[PDB]
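Next comes final.pdb, a file with PDB, C-alpha atoms and all ligand atoms.
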ATOM      1  CA  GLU A 697      23.592  51.735  92.943
ATOM      2  CA  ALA A 698      23.173  49.634  89.808
ATOM      3  CA  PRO A 699      25.958  47.155  88.947
ATOM      4  CA  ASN A 700      28.170  48.098  85.992
ATOM      5  CA  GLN A 701      27.939  45.031  83.767
ATOM      6  CA  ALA A 702      29.972  46.401  80.861
ATOM      7  CA  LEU A 703      32.162  43.755  79.235
ATOM      8  CA  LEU A 704      35.761  44.940  78.998
ATOM      9  CA  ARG A 705      37.251  43.166  76.010
ATOM     10  CA  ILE A 706      40.863  42.032  76.132
ATOM     11  CA  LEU A 707      42.568  42.067  72.755
ATOM     12  CA  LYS A 708      45.575  40.114  71.462
ATOM     13  CA  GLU A 709      48.191  42.295  69.783
ATOM     14  CA  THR A 710      48.260  40.027  66.739
ATOM     15  CA  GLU A 711      44.587  41.007  66.279
ATOM     16  CA  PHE A 712      45.304  44.450  64.814
ATOM     17  CA  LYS A 713      47.754  46.093  62.406
ATOM     18  CA  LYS A 714      48.863  49.699  63.213
ATOM     19  CA  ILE A 715      49.315  51.921  60.192
ATOM     20  CA  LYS A 716      50.241  55.505  61.182
ATOM     21  CA  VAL A 717      50.453  58.200  63.865
ATOM     22  CA  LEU A 718      47.732  60.819  64.095
ATOM     23  CA  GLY A 719      48.711  62.420  67.338
ATOM     24  CA  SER A 720      52.046  61.920  69.022
ATOM     25  CA  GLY A 721      50.788  63.836  72.049
ATOM     26  CA  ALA A 722      53.248  64.753  74.802
ATOM     27  CA  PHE A 723      51.022  62.542  76.931
ATOM     28  CA  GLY A 724      50.988  59.722  74.362
ATOM     29  CA  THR A 725      50.876  58.759  70.687
ATOM     30  CA  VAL A 726      47.566  57.895  69.004
ATOM     31  CA  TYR A 727      47.472  55.680  65.914
ATOM     32  CA  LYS A 728      45.310  54.923  62.935
ATOM     33  CA  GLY A 729      45.006  51.181  62.447
ATOM     34  CA  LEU A 730      42.930  48.126  61.680
ATOM     35  CA  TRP A 731      41.407  45.435  63.822
ATOM     36  CA  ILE A 732      40.436  42.038  62.568
ATOM     37  CA  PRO A 733      38.545  40.202  65.293
ATOM     38  CA  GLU A 734      39.137  36.547  66.168
ATOM     39  CA  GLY A 735      37.990  34.602  63.223
ATOM     40  CA  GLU A 736      35.166  36.981  62.277
ATOM     41  CA  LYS A 737      36.335  38.043  58.896
ATOM     42  CA  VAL A 738      35.762  41.755  59.205
ATOM     43  CA  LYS A 739      38.240  44.550  59.517
ATOM     44  CA  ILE A 740      37.503  47.605  61.614
ATOM     45  CA  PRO A 741      39.180  51.017  61.325
ATOM     46  CA  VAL A 742      40.403  51.989  64.779
ATOM     47  CA  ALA A 743      42.317  54.529  66.808
ATOM     48  CA  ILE A 744      44.905  53.086  69.207
ATOM     49  CA  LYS A 745      46.243  55.004  72.193
ATOM     50  CA  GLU A 746      49.110  53.823  74.451
ATOM     51  CA  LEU A 747      50.514  55.809  77.396
ATOM     52  CA  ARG A 748      53.303  57.721  75.620
ATOM     53  CA  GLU A 749      55.965  55.018  75.865
ATOM     54  CA  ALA A 750      57.492  54.140  79.255
ATOM     55  CA  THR A 751      55.457  52.241  81.835
ATOM     56  CA  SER A 752      55.158  54.302  85.005
ATOM     57  CA  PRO A 753      52.636  52.621  87.404
ATOM     58  CA  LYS A 754      51.409  56.160  88.110
ATOM     59  CA  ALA A 755      50.343  56.831  84.527
ATOM     60  CA  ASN A 756      48.851  53.347  84.017
ATOM     61  CA  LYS A 757      46.193  54.063  86.622
ATOM     62  CA  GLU A 758      44.625  56.903  84.635
ATOM     63  CA  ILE A 759      44.668  55.328  81.181
ATOM     64  CA  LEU A 760      42.696  52.464  82.653
ATOM     65  CA  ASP A 761      40.218  54.773  84.334
ATOM     66  CA  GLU A 762      39.501  56.061  80.853
ATOM     67  CA  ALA A 763      39.226  52.526  79.597
ATOM     68  CA  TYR A 764      36.791  51.871  82.418
ATOM     69  CA  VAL A 765      34.516  54.810  81.692
ATOM     70  CA  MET A 766      34.806  54.452  77.914
ATOM     71  CA  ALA A 767      33.828  50.807  78.113
ATOM     72  CA  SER A 768      30.770  51.718  80.108
ATOM     73  CA  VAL A 769      29.015  53.842  77.547
ATOM     74  CA  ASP A 770      26.742  53.015  74.641
ATOM     75  CA  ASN A 771      25.148  55.898  72.789
ATOM     76  CA  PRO A 772      25.297  57.086  69.179
ATOM     77  CA  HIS A 773      26.930  60.312  70.321
ATOM     78  CA  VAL A 774      29.702  59.141  72.623
ATOM     79  CA  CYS A 775      32.851  57.244  71.685
ATOM     80  CA  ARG A 776      32.846  53.702  73.119
ATOM     81  CA  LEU A 777      35.858  51.546  73.982
ATOM     82  CA  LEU A 778      36.270  48.531  71.767
ATOM     83  CA  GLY A 779      38.661  46.849  74.195
ATOM     84  CA  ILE A 780      42.178  46.993  75.628
ATOM     85  CA  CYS A 781      45.437  45.245  74.738
ATOM     86  CA  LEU A 782      47.816  44.445  77.599
ATOM     87  CA  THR A 783      51.197  44.324  75.887
ATOM     88  CA  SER A 784      54.313  45.688  77.572
ATOM     89  CA  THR A 785      52.365  48.943  77.653
ATOM     90  CA  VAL A 786      48.589  49.463  77.925
ATOM     91  CA  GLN A 787      46.597  50.432  74.847
ATOM     92  CA  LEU A 788      43.084  51.769  74.412
ATOM     93  CA  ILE A 789      41.431  50.703  71.160
ATOM     94  CA  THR A 790      38.341  52.450  69.856
ATOM     95  CA  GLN A 791      36.401  53.059  66.639
ATOM     96  CA  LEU A 792      38.115  55.415  64.171
ATOM     97  CA  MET A 793      36.710  58.936  63.763
ATOM     98  CA  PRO A 794      38.401  59.519  60.352
ATOM     99  CA  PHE A 795      37.919  63.281  60.162
ATOM    100  CA  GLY A 796      39.601  64.022  63.459
ATOM    101  CA  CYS A 797      38.270  66.390  66.110
ATOM    102  CA  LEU A 798      35.598  69.025  65.519
ATOM    103  CA  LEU A 799      37.828  71.983  66.458
ATOM    104  CA  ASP A 800      40.430  71.376  63.793
ATOM    105  CA  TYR A 801      37.646  70.552  61.384
ATOM    106  CA  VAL A 802      35.862  73.880  61.604
ATOM    107  CA  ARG A 803      39.163  75.709  61.354
ATOM    108  CA  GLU A 804      40.021  73.764  58.248
ATOM    109  CA  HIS A 805      36.625  74.305  56.664
ATOM    110  CA  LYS A 806      35.127  77.707  57.643
ATOM    111  CA  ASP A 807      34.190  78.576  54.033
ATOM    112  CA  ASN A 808      31.993  75.502  53.717
ATOM    113  CA  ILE A 809      30.360  74.929  57.100
ATOM    114  CA  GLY A 810      26.704  75.981  56.946
ATOM    115  CA  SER A 811      24.106  76.732  59.623
ATOM    116  CA  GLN A 812      22.511  73.306  59.250
ATOM    117  CA  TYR A 813      25.707  71.646  60.422
ATOM    118  CA  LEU A 814      26.511  73.987  63.273
ATOM    119  CA  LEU A 815      23.078  73.563  64.868
ATOM    120  CA  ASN A 816      22.971  69.878  64.000
ATOM    121  CA  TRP A 817      26.225  69.294  65.837
ATOM    122  CA  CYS A 818      24.990  71.373  68.768
ATOM    123  CA  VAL A 819      22.110  68.962  68.921
ATOM    124  CA  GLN A 820      24.308  65.875  68.806
ATOM    125  CA  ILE A 821      26.541  67.055  71.613
ATOM    126  CA  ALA A 822      23.532  67.934  73.725
ATOM    127  CA  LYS A 823      22.399  64.370  73.156
ATOM    128  CA  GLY A 824      25.695  62.766  73.994
ATOM    129  CA  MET A 825      25.924  64.763  77.192
ATOM    130  CA  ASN A 826      22.341  64.076  78.118
ATOM    131  CA  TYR A 827      23.256  60.419  77.810
ATOM    132  CA  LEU A 828      26.185  60.824  80.153
ATOM    133  CA  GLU A 829      23.912  62.695  82.553
ATOM    134  CA  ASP A 830      21.522  59.759  82.556
ATOM    135  CA  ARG A 831      24.458  57.493  83.285
ATOM    136  CA  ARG A 832      25.147  59.828  86.214
ATOM    137  CA  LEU A 833      28.525  60.589  84.640
ATOM    138  CA  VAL A 834      30.261  64.006  84.730
ATOM    139  CA  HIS A 835      32.715  64.610  81.836
ATOM    140  CA  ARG A 836      34.708  67.511  83.299
ATOM    141  CA  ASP A 837      36.551  68.077  80.014
ATOM    142  CA  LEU A 838      33.957  68.971  77.395
ATOM    143  CA  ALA A 839      35.550  71.041  74.611
ATOM    144  CA  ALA A 840      35.596  71.301  70.815
ATOM    145  CA  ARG A 841      38.909  69.431  70.865
ATOM    146  CA  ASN A 842      37.215  66.495  72.584
ATOM    147  CA  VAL A 843      34.406  65.957  70.086
ATOM    148  CA  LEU A 844      35.255  63.792  67.103
ATOM    149  CA  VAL A 845      33.976  63.769  63.555
ATOM    150  CA  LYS A 846      32.806  60.371  62.296
ATOM    151  CA  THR A 847      31.354  61.976  59.186
ATOM    152  CA  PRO A 848      30.481  65.645  58.736
ATOM    153  CA  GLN A 849      26.936  64.764  59.814
ATOM    154  CA  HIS A 850      28.010  62.756  62.800
ATOM    155  CA  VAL A 851      29.936  63.848  65.834
ATOM    156  CA  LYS A 852      30.628  61.966  69.075
ATOM    157  CA  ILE A 853      32.003  63.031  72.451
ATOM    158  CA  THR A 854      35.352  61.479  73.440
ATOM    159  CA  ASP A 855      38.202  61.779  75.946
ATOM    160  CA  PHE A 856      37.186  60.540  79.404
ATOM    161  CA  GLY A 857      40.525  61.007  81.107
ATOM    162  CA  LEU A 858      38.814  63.235  83.683
ATOM    163  CA  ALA A 859      35.247  62.002  83.772
ATOM    164  CA  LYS A 860      33.694  61.012  87.087
ATOM    165  CA  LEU A 861      30.922  58.650  88.104
ATOM    166  CA  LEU A 862      28.552  59.914  90.791
ATOM    167  CA  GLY A 863      27.857  57.607  93.743
ATOM    168  CA  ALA A 864      26.119  57.689  97.153
ATOM    169  CA  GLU A 865      23.665  60.024  95.345
ATOM    170  CA  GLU A 866      26.098  62.928  95.912
ATOM    171  CA  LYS A 867      25.771  65.980  93.596
ATOM    172  CA  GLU A 868      28.951  68.124  93.496
ATOM    173  CA  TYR A 869      32.318  66.411  92.810
ATOM    174  CA  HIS A 870      35.302  67.551  94.891
ATOM    175  CA  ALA A 871      38.635  67.008  93.071
ATOM    176  CA  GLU A 872      42.441  67.394  93.277
ATOM    177  CA  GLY A 873      45.017  69.586  91.546
ATOM    178  CA  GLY A 874      46.825  68.973  88.257
ATOM    179  CA  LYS A 875      46.130  70.423  84.815
ATOM    180  CA  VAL A 876      42.627  71.733  84.178
ATOM    181  CA  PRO A 877      41.280  73.611  81.097
ATOM    182  CA  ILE A 878      40.288  76.846  82.876
ATOM    183  CA  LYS A 879      38.825  78.647  79.876
ATOM    184  CA  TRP A 880      36.168  75.929  79.554
ATOM    185  CA  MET A 881      35.449  75.545  83.262
ATOM    186  CA  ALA A 882      32.381  76.716  85.165
ATOM    187  CA  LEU A 883      32.893  79.277  87.934
ATOM    188  CA  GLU A 884      32.363  76.733  90.695
ATOM    189  CA  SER A 885      34.885  74.406  89.088
ATOM    190  CA  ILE A 886      37.345  77.310  89.360
ATOM    191  CA  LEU A 887      36.658  78.585  92.883
ATOM    192  CA  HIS A 888      35.408  75.524  94.768
ATOM    193  CA  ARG A 889      36.551  72.723  92.445
ATOM    194  CA  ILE A 890      32.904  71.655  92.458
ATOM    195  CA  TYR A 891      31.920  69.796  89.281
ATOM    196  CA  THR A 892      28.446  68.637  88.281
ATOM    197  CA  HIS A 893      26.249  67.925  85.269
ATOM    198  CA  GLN A 894      25.436  71.648  85.309
ATOM    199  CA  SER A 895      29.086  72.616  85.112
ATOM    200  CA  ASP A 896      29.255  70.415  82.037
ATOM    201  CA  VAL A 897      26.542  72.674  80.628
ATOM    202  CA  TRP A 898      28.840  75.650  81.026
ATOM    203  CA  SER A 899      31.671  73.876  79.235
ATOM    204  CA  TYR A 900      29.057  73.146  76.574
ATOM    205  CA  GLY A 901      28.305  76.840  76.356
ATOM    206  CA  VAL A 902      31.974  77.442  75.539
ATOM    207  CA  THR A 903      32.064  74.499  73.130
ATOM    208  CA  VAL A 904      29.121  75.916  71.228
ATOM    209  CA  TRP A 905      30.944  79.249  71.190
ATOM    210  CA  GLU A 906      33.990  77.570  69.681
ATOM    211  CA  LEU A 907      32.039  76.007  66.837
ATOM    212  CA  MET A 908      30.147  79.245  66.212
ATOM    213  CA  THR A 909      33.297  81.320  65.893
ATOM    214  CA  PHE A 910      34.747  78.633  63.650
ATOM    215  CA  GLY A 911      37.376  77.534  66.116
ATOM    216  CA  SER A 912      38.416  80.648  67.982
ATOM    217  CA  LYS A 913      40.214  80.636  71.325
ATOM    218  CA  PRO A 914      38.103  81.606  74.303
ATOM    219  CA  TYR A 915      39.372  84.561  76.241
ATOM    220  CA  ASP A 916      42.237  84.633  73.740
ATOM    221  CA  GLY A 917      44.696  87.159  74.841
ATOM    222  CA  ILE A 918      43.753  86.535  78.514
ATOM    223  CA  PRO A 919      45.675  84.305  80.952
ATOM    224  CA  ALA A 920      44.156  81.729  83.174
ATOM    225  CA  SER A 921      45.147  83.267  86.336
ATOM    226  CA  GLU A 922      43.134  86.256  85.145
ATOM    227  CA  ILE A 923      40.064  84.310  84.418
ATOM    228  CA  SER A 924      38.345  83.439  87.543
ATOM    229  CA  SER A 925      38.194  87.225  88.219
ATOM    230  CA  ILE A 926      36.787  88.536  85.065
ATOM    231  CA  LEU A 927      34.108  85.820  85.130
ATOM    232  CA  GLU A 928      33.700  87.041  88.679
ATOM    233  CA  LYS A 929      33.109  90.636  87.592
ATOM    234  CA  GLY A 930      30.383  89.478  85.228
ATOM    235  CA  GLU A 931      32.170  89.274  81.914
ATOM    236  CA  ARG A 932      31.486  86.431  79.479
ATOM    237  CA  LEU A 933      32.514  85.496  75.939
ATOM    238  CA  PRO A 934      31.191  87.818  73.180
ATOM    239  CA  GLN A 935      28.421  87.076  70.699
ATOM    240  CA  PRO A 936      29.863  85.419  67.563
ATOM    241  CA  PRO A 937      29.283  87.338  64.323
ATOM    242  CA  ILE A 938      27.117  84.693  62.671
ATOM    243  CA  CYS A 939      25.051  84.436  65.846
ATOM    244  CA  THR A 940      21.468  85.568  66.291
ATOM    245  CA  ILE A 941      20.556  86.833  69.735
ATOM    246  CA  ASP A 942      18.479  83.660  70.143
ATOM    247  CA  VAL A 943      21.511  81.417  69.862
ATOM    248  CA  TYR A 944      23.831  83.656  71.846
ATOM    249  CA  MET A 945      21.081  83.853  74.438
ATOM    250  CA  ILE A 946      21.293  80.121  74.931
ATOM    251  CA  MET A 947      25.052  80.355  75.305
ATOM    252  CA  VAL A 948      24.755  83.016  77.971
ATOM    253  CA  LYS A 949      22.345  80.817  79.925
ATOM    254  CA  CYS A 950      24.882  77.996  80.186
ATOM    255  CA  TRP A 951      26.965  80.647  81.873
ATOM    256  CA  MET A 952      24.820  81.934  84.691
ATOM    257  CA  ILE A 953      26.105  82.041  88.265
ATOM    258  CA  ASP A 954      23.252  80.050  89.810
ATOM    259  CA  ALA A 955      24.151  76.650  88.333
ATOM    260  CA  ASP A 956      20.522  75.471  88.476
ATOM    261  CA  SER A 957      19.447  78.319  86.271
ATOM    262  CA  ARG A 958      21.421  76.953  83.312
ATOM    263  CA  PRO A 959      19.651  74.657  80.812
ATOM    264  CA  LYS A 960      19.666  70.882  81.256
ATOM    265  CA  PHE A 961      21.207  69.006  78.338
ATOM    266  CA  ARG A 962      17.683  67.769  77.612
ATOM    267  CA  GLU A 963      16.363  71.288  77.182
ATOM    268  CA  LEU A 964      19.361  72.301  75.075
ATOM    269  CA  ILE A 965      18.518  69.379  72.767
ATOM    270  CA  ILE A 966      14.916  70.555  72.391
ATOM    271  CA  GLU A 967      15.868  74.193  71.845
ATOM    272  CA  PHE A 968      18.543  73.438  69.250
ATOM    273  CA  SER A 969      16.224  71.010  67.486
ATOM    274  CA  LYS A 970      13.678  73.749  66.953
ATOM    275  CA  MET A 971      16.374  76.004  65.601
ATOM    276  CA  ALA A 972      17.827  73.266  63.419
ATOM    277  CA  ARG A 973      14.428  73.055  61.710
ATOM    278  CA  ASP A 974      14.980  76.529  60.279
ATOM    279  CA  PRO A 975      18.786  76.990  60.428
ATOM    280  CA  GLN A 976      18.766  80.164  58.348
ATOM    281  CA  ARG A 977      16.551  82.066  60.790
ATOM    282  CA  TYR A 978      19.015  81.450  63.596
ATOM    283  CA  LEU A 979      22.422  81.658  61.943
ATOM    284  CA  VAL A 980      23.610  84.170  59.365
ATOM    285  CA  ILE A 981      26.508  82.849  57.300
ATOM    286  CA  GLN A 982      27.867  84.323  54.035
ATOM    287  CA  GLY A 983      26.775  81.687  51.529
ATOM    288  CA  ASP A 984      24.477  79.368  53.462
ATOM    289  CA  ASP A1003      41.743  53.518  52.993
ATOM    290  CA  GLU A1004      44.257  51.277  51.248
ATOM    291  CA  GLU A1005      43.153  47.732  51.944
ATOM    292  CA  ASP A1006      40.911  45.007  50.620
ATOM    293  CA  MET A1007      38.123  47.165  51.987
ATOM    294  CA  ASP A1008      36.013  44.288  50.775
ATOM    295  CA  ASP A1009      35.338  43.081  54.287
ATOM    296  CA  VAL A1010      35.656  46.401  56.077
ATOM    297  CA  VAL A1011      32.945  47.257  58.579
ATOM    298  CA  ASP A1012      32.422  50.096  61.020
ATOM    299  CA  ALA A1013      32.302  49.623  64.757
ATOM    300  CA  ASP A1014      28.795  51.034  64.988
ATOM    301  CA  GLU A1015      28.019  48.035  62.831
ATOM    302  CA  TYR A1016      30.046  45.497  64.756
ATOM    303  CA  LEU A1017      28.104  44.309  67.747
ATOM    304  CA  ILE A1018      28.466  41.383  70.102
ATOM    305  CA  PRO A1019      25.976  39.875  72.515
ATOM    306  CA  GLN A1020      25.233  42.033  75.553
TER     307      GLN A1020
HETATM  308  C1  LIG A1101      43.175  68.493  58.321
HETATM  309  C2  LIG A1101      43.096  67.985  59.760
HETATM  310  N1  LIG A1101      44.303  67.213  60.071
HETATM  311  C3  LIG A1101      44.286  65.942  59.347
HETATM  312  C4  LIG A1101      43.034  65.148  59.710
HETATM  313  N2  LIG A1101      42.969  64.928  61.158
HETATM  314  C5  LIG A1101      43.926  63.920  61.624
HETATM  315  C6  LIG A1101      43.244  63.073  62.691
HETATM  316  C7  LIG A1101      42.384  62.060  62.320
HETATM  317  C8  LIG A1101      41.757  61.294  63.288
HETATM  318  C9  LIG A1101      41.984  61.541  64.627
HETATM  319  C10 LIG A1101      41.359  60.761  65.585
HETATM  320  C11 LIG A1101      41.556  60.842  66.893
HETATM  321  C12 LIG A1101      40.795  59.938  67.478
HETATM  322  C13 LIG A1101      40.580  59.566  68.785
HETATM  323  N3  LIG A1101      41.207  60.161  69.778
HETATM  324  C14 LIG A1101      40.759  59.883  71.139
HETATM  325  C15 LIG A1101      41.584  60.694  72.124
HETATM  326  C16 LIG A1101      40.939  58.414  71.442
HETATM  327  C17 LIG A1101      40.719  57.942  72.724
HETATM  328  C18 LIG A1101      40.881  56.597  73.002
HETATM  329  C19 LIG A1101      41.261  55.727  72.000
HETATM  330  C20 LIG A1101      41.482  56.201  70.722
HETATM  331  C21 LIG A1101      41.322  57.547  70.440
HETATM  332  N4  LIG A1101      39.720  58.590  69.053
HETATM  333  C22 LIG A1101      39.079  57.977  68.083
HETATM  334  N5  LIG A1101      39.266  58.307  66.823
HETATM  335  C23 LIG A1101      40.115  59.278  66.492
HETATM  336  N6  LIG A1101      40.478  59.804  65.337
HETATM  337  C24 LIG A1101      42.847  62.551  64.998
HETATM  338  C25 LIG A1101      43.470  63.320  64.030
HETATM  339  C26 LIG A1101      43.085  66.185  61.904
HETATM  340  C27 LIG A1101      44.355  66.919  61.500
END

Reformat the file's structure so that it appears as structure tokens.
Ligand SMILES: CCN1CCN(Cc2ccc(-c3cc4c(N[C@H](C)c5ccccc5)ncnc4[nH]3)cc2)CC1
Amino acid sequence: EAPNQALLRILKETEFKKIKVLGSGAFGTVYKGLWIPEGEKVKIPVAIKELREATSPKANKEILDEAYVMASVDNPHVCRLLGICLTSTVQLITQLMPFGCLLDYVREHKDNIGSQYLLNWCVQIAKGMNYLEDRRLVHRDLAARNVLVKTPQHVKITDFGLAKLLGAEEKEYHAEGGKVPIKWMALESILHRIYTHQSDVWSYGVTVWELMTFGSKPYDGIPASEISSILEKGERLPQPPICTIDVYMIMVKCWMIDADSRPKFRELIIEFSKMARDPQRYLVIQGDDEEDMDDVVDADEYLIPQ
């Protein structure tokens, strides 16, 4: 189809100063850090991710696939790649989402997260995903853990290690084995390994459930082998306490067997927008940096021709 004219930026290692670990994942460490472009005279907070440590040609392939996808997106609700650095090991460098991921965030702040935020974030994720849909791009790993907090009023979708572009105007993506987050997967993704924009919807349904239960674990207790069945019998996640039937009703729809019966991300945006206009009618909740930051700027503010 259309030619992908994204500009992958190569970055010198002298161009940015690492400052601390944020996630020494088994798969690879992720750092906080600063980037000071060529001679631009601006510093930009960034997250830096290198494939664990050792360079195994096998691993290198995937980190770059992420770099590829992440460099091909440009929307206020999706995390974009700033560029890569080809030192001994490959690094992905992107804008810093200071507050970490949304999951941890709700857990850490239950007693202060109001309805306005919950629905507002539900809107922002619906937007990000709708963007990816437009870019014919299936995420395959939508979850609360993979949404990052820029500010409490601004979340963006990240982690494209499993995304997939759709070519030859094909609809359902057939994939391999490996490690897949079952609890967030659509039924088709579990039985036929079929993935699609509409299976992303399902994962969205579970993501919205996460945020509404303040960070609970889906099907907690249960074990993934067990899952496919259950879901098969007809069982779905329960209605979260703070949830009106209206909201839970939208969650259930992202979980219907007939994948074309679920809502499109563009409808989910509309529906949540309405609700966000009167957040108290839809959610019932009890009670509703160490530098010459003189030249510090934020990615979303640093742009280059395009
Ligand atoms: C009380 C909560 N506690 C302390 C605050 N945070 C720490 C934290 C802060 C930022 C981040 C963070 C991760 C991250 C991030 N991770 C993704 C996987 C990424 C992908 C490619 C390149 C860089 C990052 N990307 C961009 N910005 C990010 N910021 C992670 C953890 C959560 C744990």

### Query
What do you get as JSON, numbers by chain if you pick all residues at most 10 Å from ligand LIG 1101 (chain A), counting only C-alpha atoms and all ligand atoms?
{"A": [717, 718, 719, 721, 724, 725, 726, 727, 728, 741, 742, 743, 744, 745, 746, 759, 762, 763, 766, 775, 776, 777, 778, 779, 780, 787, 788, 789, 790, 791, 792, 793, 794, 795, 796, 797, 798, 799, 800, 801, 802, 803, 804, 805, 841, 842, 843, 844, 845, 846, 852, 853, 854, 855, 856, 857]}

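Residues surrounding residue 873 in chain A within 12 Å are residues 858, 870, 876, 877, 885, 886, 888 and 889 of chain A [only C-alpha atoms; sequence separation below 3 positions excluded].
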
What would the file look like if the residues just selected were written as a short mmCIF file (atom, residue, chain, number, x, y, z; two decimals), in the coordinates of the input with C-alpha atoms?
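After the write, again32.cif holds the following:
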data_model
loop_
_atom_site.label_atom_id
_atom_site.label_comp_id
_atom_site.auth_asym_id
_atom_site.auth_seq_id
_atom_site.Cartn_x
_atom_site.Cartn_y
_atom_site.Cartn_z
CA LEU A 858 38.81 63.24 83.68
CA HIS A 870 35.30 67.55 94.89
CA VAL A 876 42.63 71.73 84.18
CA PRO A 877 41.28 73.61 81.10
CA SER A 885 34.88 74.41 89.09
CA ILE A 886 37.34 77.31 89.36
CA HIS A 888 35.41 75.52 94.77
CA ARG A 889 36.55 72.72 92.44
#

#### Entry: Residue nearest residue 933 in chain A among A:837, A:916, A:896, A:711 (counting all atoms listed in the file)
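Of all the options, A:916 lies closest to residue 933 in chain A.
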
### d(CA of residue 970 in chain A, CA of residue 882 in chain A) in Å
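Distance reported for this atom pair: 26.3 Å.
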
### Task
Extract, using only C-alpha atoms, all DNA, RNA and protein residues at most 7 Å from range 956-965 of chain A, discarding same-chain residues fewer than 4 positions from it, and format them as a list in words.
residues 819, 822, 823, 825, 826, 894, 897, 949, 950, 951, 952 and 969 of chain A

### Query
What's the 8 Å shell around residue 820 in chain A, counting all atoms listed in the file, without same-chain residues fewer than 4 positions away, as a ChimeraX atom specification?
/A:773,816,824,850-852,965

### Task
Run the PyMOL selection byres (((chain A and resi 904) around 12) and not hetatm) mentally over the shown coordinates, then write out the matched residues as a count of residues only, using the chain letters and numbers from the document.
48

Assuming the chain letters and numbering stay as they are in my file, what does the PyMOL selection byres (((chain A and resi 834) around 8) and not hetatm) actually select? List them as an mmCIF file with C-alpha atoms, in the frame of the given file.
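Now in out.cif:
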data_model
loop_
_atom_site.group_PDB
_atom_site.id
_atom_site.type_symbol
_atom_site.label_atom_id
_atom_site.label_comp_id
_atom_site.auth_asym_id
_atom_site.auth_seq_id
_atom_site.Cartn_x
_atom_site.Cartn_y
_atom_site.Cartn_z
ATOM 1 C CA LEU A 828 26.185 60.824 80.153
ATOM 2 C CA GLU A 829 23.912 62.695 82.553
ATOM 3 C CA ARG A 832 25.147 59.828 86.214
ATOM 4 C CA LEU A 833 28.525 60.589 84.640
ATOM 5 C CA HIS A 835 32.715 64.610 81.836
ATOM 6 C CA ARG A 836 34.708 67.511 83.299
ATOM 7 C CA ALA A 859 35.247 62.002 83.772
ATOM 8 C CA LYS A 860 33.694 61.012 87.087
ATOM 9 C CA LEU A 861 30.922 58.650 88.104
ATOM 10 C CA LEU A 862 28.552 59.914 90.791
ATOM 11 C CA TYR A 891 31.920 69.796 89.281
ATOM 12 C CA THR A 892 28.446 68.637 88.281
ATOM 13 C CA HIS A 893 26.249 67.925 85.269
ATOM 14 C CA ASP A 896 29.255 70.415 82.037
#

### Query
the PyMOL selection byres (((chain A and resi 938) around 7) and not hetatm) on the file shown: which residues, as a list in words?
residues 936, 937, 939, 940, 979, 980 and 981 of chain A

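When CA of residue 934 in chain A is paired with CA of residue 974 in chain A, their separation reads 23.6 Å.
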
### Query
Near residue 750 in chain A, counting all atoms listed in the file, which residues have an atom at most 12 Å away, once you skip same-chain residues fewer than 5 positions from it, shown as number ranges by chain?
A: 723-725, 755-756, 784-786

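Note that CA of residue 931 in chain A and CA of residue 875 in chain A are 23.6 Å apart.
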
#### Entry: Test item: residues at most 12 Å from residue 864 in chain A, only C-alpha atoms, excluding those fewer than 4 positions along its chain, as a PyMOL selection string
chain A and resi 697-698+832+868-869

### Residue with smallest distance to residue 808 in chain A - pool A:966, A:848, A:977, A:1007, counting only C-alpha atoms
A:848

### For residue 749 in chain A, the nearest of the candidates A:1013, A:920, A:809, A:722, counting all atoms listed in the file
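Residue with the minimum atom-to-atom distance to residue 749 in chain A: A:722.
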
### Task
Give as a PyMOL selection string every residue, naming chains and numbers as the document does, that has an atom within 7 Å of (35.5, 83.8, 89.0), counting all atoms listed in the file.
chain A and resi 883+886-887+923-928

Expected file contents, prior selection, C-alpha atoms, as a compact mmCIF listing (two decimals), in the coordinates of the input:
# COMPACT_ATOMS: atom_id res chain seq x y z
CA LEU A 883 32.89 79.28 87.93
CA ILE A 886 37.34 77.31 89.36
CA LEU A 887 36.66 78.58 92.88
CA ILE A 923 40.06 84.31 84.42
CA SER A 924 38.34 83.44 87.54
CA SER A 925 38.19 87.22 88.22
CA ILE A 926 36.79 88.54 85.06
CA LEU A 927 34.11 85.82 85.13
CA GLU A 928 33.70 87.04 88.68

### Query
Taking into account only C-alpha atoms, which residue in the set A:874, A:1003, A:736, A:849 is nearest to residue 812 in chain A?
A:849

### Proximity to residue 879 in chain A - best of A:932, A:714, A:708, A:748, all atoms listed in the file
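Comparing A:932, A:714, A:708, A:748 against residue 879 in chain A, the winner is A:932.
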